[PDB]
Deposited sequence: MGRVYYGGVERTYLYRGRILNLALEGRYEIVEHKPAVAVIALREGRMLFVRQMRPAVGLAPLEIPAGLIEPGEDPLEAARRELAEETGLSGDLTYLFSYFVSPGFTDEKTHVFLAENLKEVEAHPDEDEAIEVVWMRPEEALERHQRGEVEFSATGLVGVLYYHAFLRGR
């Protein structure tokens, strides 16, 4: 039996007995490799006060399914389209939120727009270099960035 303390724009806060639960829209993320570089993005994230290394990601909007949201996010954040394949999903932090992320691979990328959402920085970077910069403390990862780097090292070399 959830009791709602806050109903917001991209989350709700509820109590369920002693549990504090954040309801959140599902998300998508896209792993894309070109010429040995992975497609990362960075943007200021007020929750953390910095810009972590992420892969293109977004929330699924009403009416959309994960594949469609992934296509849209990739185009809006980086100006690209590609051939998308579903990989796997994960709960970001199931001890307190129901946010679920669906991860896709993109191949054969083409520019469909001149990126285009300006507050997001497109960062093509070899995943080996992203991992080294992180190990040396020079950049933070989001879960989606780390998943992209680890998936590359597992399956795309």
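Engineer: If a residue lacks a C-alpha atom here, it counts as unmodelled; so which stretches of the deposited sequence fall into that category?
Structural biologist: No C-alpha coordinates exist for 1-9, 124-125, 169-170.
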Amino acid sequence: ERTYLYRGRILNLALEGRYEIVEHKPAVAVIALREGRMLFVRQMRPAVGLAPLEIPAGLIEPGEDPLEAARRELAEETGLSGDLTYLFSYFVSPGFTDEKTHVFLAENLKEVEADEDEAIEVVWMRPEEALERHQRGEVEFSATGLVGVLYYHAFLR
From here on, numbers count along this sequence of modelled residues.
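Engineer: Using a one-third cut-off over the other compared PDB entries, is residue 115 one of the residues left without coordinates?
Structural biologist: Yes: coordinates for residue 115 absent from at least a third of the compared entries.
Engineer: Which wins on mean Cα temperature factor, 134-142 or 5-13?
Structural biologist: Averaged over C-alpha atoms, the B-factors run higher in 5-13.
Engineer: Per the PDB record, is the mean Cα temperature factor higher over 117-125 or over 50-58?
Structural biologist: Of 117-125 and 50-58, the stretch with the higher C-alpha B-factor average is 117-125.
Engineer: Which one, 38, 105, 109, 67, has the peak C-alpha temperature factor per the PDB entry?
Structural biologist: Comparing C-alpha B-factors across 38, 105, 109, 67, the top value belongs to 109.
Engineer: Is the Cα B-factor recorded for residue 33 in the lowest, middle or highest third of its chain?
Structural biologist: Middle third - that is where residue 33 ends up once the chain's C-alpha B-factors are sorted.
Engineer: Would you check the entry's CA temperature factor for residue 63 and let me know if it's in the chain's lowest, middle or highest third?
Structural biologist: Its C-alpha B-factor belongs to the highest third of this chain's values.
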